[PDB]
(Lines of atoms letter the chains of each structure in order from A and count residues from 1; the text may use other names and numbers.)
(Lines give C-alpha, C1' and ligand atoms only; values in the text may rest on other atoms or scores of the structure.)
Protein backbone atom coordinates (compact mmCIF):
# COMPACT_ATOMS: atom_id res chain seq x y z
CA UNK A 1 0.00 0.00 0.00
CA UNK A 2 1.47 3.29 -1.07
CA UNK A 3 1.08 5.71 1.86
CA UNK A 4 2.70 8.64 0.06
CA UNK A 5 0.41 11.49 1.21
CA UNK A 6 0.76 15.29 1.55
CA UNK A 7 0.96 15.57 5.37
CA UNK A 8 -1.41 18.56 5.59
CA UNK A 9 -2.17 18.64 9.32
CA UNK A 10 -5.69 19.90 9.98
CA UNK A 11 -5.06 22.67 12.55
CA UNK A 12 -7.91 24.22 14.60
CA UNK A 13 -10.99 22.34 15.87
CA UNK A 14 -14.34 22.85 14.20
CA UNK A 15 -16.76 24.95 16.19
CA UNK A 16 -20.46 24.53 16.71
CA UNK A 17 -22.49 27.72 16.78
CA UNK A 18 -24.94 27.75 19.73
CA UNK A 19 -27.48 30.30 20.77
CA UNK A 20 -29.21 30.92 24.09
CA UNK A 21 -32.01 33.27 25.14
CA UNK A 22 -32.29 35.41 28.27
CA UNK A 23 -34.93 37.93 29.24
CA UNK A 24 -38.58 38.05 28.34
CA UNK A 25 -39.43 37.87 24.64
CA UNK A 26 -41.12 41.09 23.32
CA UNK A 27 -39.94 43.03 26.38
CA UNK A 28 -36.67 45.02 26.52
CA UNK A 29 -34.71 42.33 28.33
CA UNK A 30 -34.86 39.65 25.64
CA UNK A 31 -31.47 38.81 24.18
CA UNK A 32 -30.14 36.04 21.97
CA UNK A 33 -26.53 35.13 22.85
CA UNK A 34 -24.06 33.22 20.67
CA UNK A 35 -21.43 30.67 21.65
CA UNK A 36 -18.90 28.34 20.06
CA UNK A 37 -18.65 24.77 21.36
CA UNK A 38 -15.34 23.26 20.35
CA UNK A 39 -16.26 19.98 18.65
CA UNK A 40 -13.29 18.03 20.03
CA UNK A 41 -12.85 19.51 23.52
CA UNK A 42 -16.48 20.46 24.32
CA UNK A 43 -15.40 23.92 25.57
CA UNK A 44 -17.82 26.79 25.10
CA UNK A 45 -16.98 30.46 24.68
CA UNK A 46 -19.31 33.34 24.09
CA UNK A 47 -18.69 34.82 20.61
CA UNK A 48 -20.08 37.73 18.64
CA UNK A 49 -22.51 36.90 15.82
CA UNK A 50 -21.08 39.93 14.01
CA UNK A 51 -17.31 39.62 14.39
CA UNK A 52 -16.90 35.91 14.98
CA UNK A 53 -19.10 34.15 12.43
CA UNK A 54 -17.33 33.79 9.08
CA UNK A 55 -18.79 35.91 6.29
CA UNK A 56 -17.58 33.25 3.81
CA UNK A 57 -18.64 29.65 4.23
CA UNK A 58 -15.64 27.37 3.68
CA UNK A 59 -14.72 23.80 4.38
CA UNK A 60 -11.14 22.52 4.72
CA UNK A 61 -10.86 20.90 1.25
CA UNK A 62 -13.07 22.28 -1.54
CA UNK A 63 -14.12 19.46 -3.84
CA UNK A 64 -16.31 21.63 -6.13
CA UNK A 65 -14.93 22.48 -9.63
CA UNK A 66 -12.14 24.98 -9.33
CA UNK A 67 -13.89 26.58 -12.27
CA UNK A 68 -17.18 27.00 -10.35
CA UNK A 69 -17.16 30.37 -8.53
CA UNK A 70 -17.84 30.66 -4.83
CA UNK A 71 -21.10 32.03 -3.50
CA UNK A 72 -21.88 30.70 0.04
CA UNK A 73 -22.22 33.43 2.67
CA UNK A 74 -23.53 33.22 6.19
CA UNK A 75 -26.72 35.06 7.01
CA UNK A 76 -27.95 36.09 10.49
CA UNK A 77 -31.75 36.28 10.61
CA UNK A 78 -32.99 39.08 12.82
CA UNK A 79 -36.63 39.40 11.76
CA UNK A 80 -38.19 36.05 10.75
CA UNK A 81 -40.43 35.63 7.74
CA UNK A 82 -44.08 36.56 8.53
CA UNK A 83 -43.31 38.59 11.62
CA UNK A 84 -43.07 42.21 12.67
CA UNK A 85 -41.09 42.59 15.91
CA UNK A 86 -38.01 44.55 14.74
CA UNK A 87 -35.03 42.78 16.30
CA UNK A 88 -31.42 43.67 15.64
CA UNK A 89 -27.82 42.97 16.46
CA UNK A 90 -26.76 45.16 19.42
CA UNK A 91 -23.60 46.59 17.80
CA UNK A 92 -23.15 48.48 21.11
CA UNK A 93 -23.35 45.63 23.63
CA UNK A 94 -20.40 43.26 24.35
CA UNK A 95 -20.57 40.15 22.15
CA UNK A 96 -23.25 41.80 19.99
CA UNK A 97 -26.30 39.65 20.99
CA UNK A 98 -29.64 40.12 19.33
CA UNK A 99 -32.04 42.42 21.06
CA UNK A 100 -35.41 43.92 20.16
CA UNK A 101 -35.16 47.47 19.06
CA UNK A 102 -36.69 50.15 21.27
CA UNK A 103 -38.58 52.97 19.48
CA UNK A 104 -39.60 54.95 22.51
CA UNK A 105 -39.10 52.97 25.70
CA UNK A 106 -41.49 50.63 23.99
CA UNK A 107 -40.21 47.61 21.95
CA UNK A 108 -40.68 48.33 18.23
CA UNK A 109 -42.86 46.38 15.68
CA UNK A 110 -43.63 47.35 12.07
CA UNK A 111 -46.90 49.26 11.69
CA UNK A 112 -47.15 48.63 7.91
CA UNK A 113 -47.53 44.84 8.03
CA UNK A 114 -45.06 41.99 8.44
CA UNK A 115 -41.61 41.31 7.16
CA UNK A 116 -42.47 38.73 4.47
CA UNK A 117 -38.99 37.34 3.96
CA UNK A 118 -36.28 36.46 6.41
CA UNK A 119 -34.54 39.77 7.16
CA UNK A 120 -31.10 40.17 8.68
CA UNK A 121 -27.45 40.99 8.25
CA UNK A 122 -24.28 39.45 6.89
CA UNK A 123 -21.64 38.98 9.55
CA UNK A 124 -18.18 40.61 9.30
CA UNK A 125 -19.45 43.42 7.20
CA UNK A 126 -19.59 47.16 7.86
CA UNK A 127 -21.18 49.83 5.77
CA UNK A 128 -19.07 52.79 6.91
CA UNK A 129 -20.15 56.38 7.13
CA UNK A 130 -16.69 57.52 6.03
CA UNK A 131 -17.29 55.88 2.69
CA UNK A 132 -19.29 57.33 -0.17
CA UNK A 133 -21.59 55.17 -2.23
CA UNK A 134 -23.57 55.51 -5.44
CA UNK A 135 -25.49 58.79 -5.69
CA UNK A 136 -22.93 60.13 -3.25
CA UNK A 137 -24.48 58.82 -0.02
CA UNK A 138 -22.40 57.69 2.94
CA UNK A 139 -22.75 54.43 4.81
CA UNK A 140 -25.02 54.07 7.81
CA UNK A 141 -22.45 52.57 10.19
CA UNK A 142 -24.02 49.05 10.49
CA UNK A 143 -23.50 45.57 9.08
CA UNK A 144 -24.76 45.02 5.56
CA UNK A 145 -28.55 44.23 5.46
CA UNK A 146 -29.81 41.06 3.79
CA UNK A 147 -33.12 39.64 2.66
CA UNK A 148 -33.15 35.80 2.13
CA UNK A 149 -36.13 34.94 -0.04
CA UNK A 150 -36.73 31.18 0.21
CA UNK A 151 -39.85 29.39 1.47
CA UNK A 152 -38.56 28.41 4.91
CA UNK A 153 -38.80 30.75 7.86
CA UNK A 154 -35.72 31.18 10.08
CA UNK A 155 -35.95 31.40 13.87
CA UNK A 156 -34.80 34.67 15.45
CA UNK A 157 -31.01 34.87 15.33
CA UNK A 158 -30.80 31.68 13.26
CA UNK A 159 -27.74 31.54 10.96
CA UNK A 160 -27.38 29.75 7.64
CA UNK A 161 -25.59 29.63 4.30
CA UNK A 162 -27.14 31.62 1.48
CA UNK A 163 -26.26 32.35 -2.12
CA UNK A 164 -26.12 36.04 -2.98
CA UNK A 165 -28.28 36.94 -5.99
CA UNK A 166 -28.40 40.70 -6.11
CA UNK A 167 -28.66 43.97 -4.22
CA UNK A 168 -30.93 47.03 -3.86
CA UNK A 169 -29.71 50.51 -2.90
CA UNK A 170 -32.18 51.97 -0.45
CA UNK A 171 -31.55 55.44 0.95
CA UNK A 172 -32.33 55.67 4.63
CA UNK A 173 -32.33 58.96 6.56
CA UNK A 174 -29.84 60.37 4.13
CA UNK A 175 -27.54 57.37 4.08
CA UNK A 176 -26.93 54.37 1.84
CA UNK A 177 -28.62 51.23 3.10
CA UNK A 178 -27.96 48.27 0.86
CA UNK A 179 -30.37 45.38 1.07
CA UNK A 180 -28.56 42.27 -0.23
CA UNK A 181 -30.92 39.77 -1.88
CA UNK A 182 -30.08 36.12 -1.27
CA UNK A 183 -31.51 32.61 -0.83
CA UNK A 184 -30.85 29.71 1.55
CA UNK A 185 -28.54 27.11 0.03
CA UNK A 186 -31.19 24.57 1.32
CA UNK A 187 -34.23 25.96 -0.45
CA UNK A 188 -35.59 23.80 -3.24
CA UNK A 189 -35.02 26.36 -5.93
CA UNK A 190 -31.66 27.67 -4.83
CA UNK A 191 -30.02 25.87 -7.70
CA UNK A 192 -32.26 27.24 -10.38
CA UNK A 193 -31.67 30.81 -9.29
CA UNK A 194 -28.46 31.90 -10.98
CA UNK A 195 -28.71 35.69 -10.81
CA UNK A 196 -31.15 38.51 -9.97
CA UNK A 197 -32.96 38.21 -13.31
CA UNK A 198 -34.07 34.71 -12.34
CA UNK A 199 -36.01 35.79 -9.31
CA UNK A 200 -38.97 36.91 -11.48
CA UNK A 201 -38.88 33.69 -13.50
CA UNK A 202 -39.22 31.52 -10.38
CA UNK A 203 -40.74 33.79 -7.76
CA UNK A 204 -42.76 36.26 -9.87
CA UNK A 205 -43.76 39.32 -7.82
CA UNK A 206 -41.17 38.77 -5.15
CA UNK A 207 -38.79 41.54 -6.28
CA UNK A 208 -41.61 44.05 -6.90
CA UNK A 209 -43.00 43.28 -3.46
CA UNK A 210 -39.64 43.65 -1.78
CA UNK A 211 -39.11 46.98 -3.52
CA UNK A 212 -42.57 48.30 -2.67
CA UNK A 213 -42.37 47.29 1.01
CA UNK A 214 -39.05 48.97 1.61
CA UNK A 215 -40.26 51.92 -0.43
CA UNK A 216 -43.23 52.64 1.82
CA UNK A 217 -43.07 50.98 5.18
CA UNK A 218 -42.29 54.28 6.91
CA UNK A 219 -45.16 56.32 5.44
CA UNK A 220 -47.75 54.92 7.84
CA UNK A 221 -45.46 55.50 10.86
CA UNK A 222 -45.83 59.14 9.70
CA UNK A 223 -42.70 59.34 7.48
CA UNK A 224 -42.31 59.61 3.68
CA UNK A 225 -41.72 57.21 0.82
CA UNK A 226 -38.09 56.04 0.52
CA UNK A 227 -35.55 56.75 -2.16
CA UNK A 228 -33.43 54.28 -4.12
CA UNK A 229 -30.22 54.68 -6.08
CA UNK A 230 -30.08 53.07 -9.53
CA UNK A 231 -33.79 53.79 -9.92
CA UNK A 232 -35.03 51.24 -7.41
CA UNK A 233 -33.44 48.70 -9.68
CA UNK A 234 -31.92 45.47 -8.32
CA UNK A 235 -28.27 45.13 -9.29
CA UNK A 236 -26.95 41.60 -10.09
CA UNK A 237 -24.88 39.29 -7.94
CA UNK A 238 -21.53 40.49 -9.33
CA UNK A 239 -22.20 44.04 -8.23
CA UNK A 240 -23.64 42.69 -4.99
CA UNK A 241 -20.69 40.49 -4.20
CA UNK A 242 -18.43 43.55 -4.81
CA UNK A 243 -20.36 45.73 -2.36
CA UNK A 244 -20.10 42.88 0.18
CA UNK A 245 -16.29 42.72 -0.15
CA UNK A 246 -15.91 46.54 0.12
CA UNK A 247 -17.99 45.83 3.21
CA UNK A 248 -15.86 43.04 4.59
CA UNK A 249 -12.75 45.19 4.04
CA UNK A 250 -14.35 48.08 5.90
CA UNK A 251 -15.17 45.71 8.74
CA UNK A 252 -11.58 44.61 8.76
CA UNK A 253 -10.35 48.20 9.30
CA UNK A 254 -12.83 48.96 12.06
CA UNK A 255 -11.18 46.07 13.89
CA UNK A 256 -7.57 47.10 13.28
CA UNK A 257 -8.44 50.35 15.17
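Residue numbers count along the first chain shown, from 1.
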### Summary
Looking only at C-alpha temperature factors in the entry, 100-108 or 182-190, the higher average sits in 100-108
#### Entry: Stretch with the higher entry mean CA B-factor, where the candidates are 4-12 and 247-255
4-12
### Query
Quick one: which of 148, 145, 78, 134 has the biggest Cα B-factor according to the entry?
134
### Summary
Scanning 232, 49, 205, 54 for peak Cα temperature factor in the entry gives 232
### Query
C-alpha B factor of residue 210, ranked within the chain: lowest, middle or highest third?
middle
#### Entry: residue 224 - which third its CA temperature factor falls in, relative to the rest of the chain
highest
### Query
For residue 241, does the deposited CA B-factor place it in the lowest, middle or highest third of the chain?
middle
### Task
Just say lowest, middle or highest third for the CA B-factor of residue 26 relative to the other modelled residues in its chain.
highest
### residue 123 - which third its CA temperature factor falls in, relative to the rest of the chain
lowest
